[PDB]
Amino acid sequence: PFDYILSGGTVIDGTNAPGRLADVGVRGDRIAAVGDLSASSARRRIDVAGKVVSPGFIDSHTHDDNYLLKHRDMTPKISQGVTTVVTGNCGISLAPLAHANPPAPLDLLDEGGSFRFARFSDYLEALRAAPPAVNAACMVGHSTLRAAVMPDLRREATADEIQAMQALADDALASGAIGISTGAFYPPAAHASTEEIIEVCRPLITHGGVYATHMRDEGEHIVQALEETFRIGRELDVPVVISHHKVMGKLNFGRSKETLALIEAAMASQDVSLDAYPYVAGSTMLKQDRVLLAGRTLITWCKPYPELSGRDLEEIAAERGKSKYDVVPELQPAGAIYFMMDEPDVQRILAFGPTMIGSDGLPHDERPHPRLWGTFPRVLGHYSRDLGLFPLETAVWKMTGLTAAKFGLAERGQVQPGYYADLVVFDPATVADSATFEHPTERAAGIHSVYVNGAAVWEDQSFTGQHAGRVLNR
């Protein structure tokens, strides 16, 4: 007998095919059958009429490394239908690094002495010992490796430093990491050369991981950053994932046409993937950057002046008698939200075929960017349903089957007999992102229930207490 059958709903199986009326049977951690299951014995037959049953959403771009440990309920993500998270992005991973004051943007993961894992394997063991509510596919970050090896980060690494970083990367991958990420845009790695990055990432071909990247520049010099990324992919001969694709700054508005054309061409000759969040504002460490700071900027948290969280930087700057750019140093370390993208470009990038959905949520932020809480329903509701940017099955494919395939998460991302039971039950008519910039932590509407490895982790708008997630391997 099946443990339960979700009956009477519409299944969107994650293979980018129109939904069809069918029941979904689960036994243990597996989807046992799909179709008319009235003839199958089941201990429970849960009515989901008027709802869609789809694979659980896989967040391809998270900074949940530490959150998985400190808040195992993972409410920001399971309340949106997320069943799996990809961690250690943009060169930022929690492990391996024992440091009481890691350099920004590594502090985006810190809750105070959180960087305590000497080996990447120690981090994975901690997750397995006290599992979170969602599955975790973890990458090791190049900036974290630099911080752990180099005495001085403002320069290229020596051969000895590269050998040390490479060994850590290899141990991480051997322990289960699914890839290595870089973020040369940030201070910790702004001085790393392309050759340094290639050498540190050599273990990816041996272990079969992916190379993920927050490109060196996403504005005026984004073409060069794209070419650097494609070059790295060819040198290593491994898949590359371009993180949170965008064109930032008014002088680059509309350039997604040009960037998407370059990516499409590269995909014809080498393995390339990309993801994006559905908003016109980004968020990361507060930084002295003329383009990030050109438009509306909001403080998400501030170490030296905590009372600044939630304030407009222009106001803070003006009242201190300085430009936003000049006032940044005295407010650091801090985080911010930057309104530097244009809707037309965001829509173009989301609609581009291969683009996967990634929230880029910064979970420790005092006053976070709403993407932390609304990303997936914003795509399913606002964009698919209300704006008609793509049909519902394609919006679902972009957060399930496509993502599972690009990251090599076997037996997940599809409602198929034999696959793992990571599932979401949502009302297609009401699913919506409730989080706004003003109230960034509101729970999404229309998410009925979420299941991870067969266990319900979200029901009646609340975490069930089931710590059902698993550390995954590629």
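From 1 onward, residues are counted along the sequence shown.
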Report the stretch with the higher mean CA temperature factor, choosing between 371 to 379 and 172 to 180 on the basis of the entry. 172 to 180
The stretch whose C-alpha atoms carry the larger average B-factor in the entry, 438 to 446 or 58 to 66, is 438 to 446
Highest recorded C-alpha temperature factor, please, choosing from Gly361, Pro203, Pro105, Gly401. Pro203
Checking the record values for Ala336, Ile232, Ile242, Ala157, which has the greatest CA B factor? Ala157
Ordered by C-alpha B-factor within the chain, which third holds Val24? Give me lowest, middle or highest, please. middle
How does the C-alpha B factor of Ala405 compare with the rest of the chain: lowest, middle or highest third? middle
For the chain shown, is the CA B-factor of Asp342 in the lowest, middle or highest third of its modelled residues? middle
Classify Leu472 as lowest, middle or highest third according to the C-alpha B-factor given in the PDB entry, relative to its own chain. highest
How does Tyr277 rank on Cα B-factor within its chain, lowest, middle or highest third? lowest
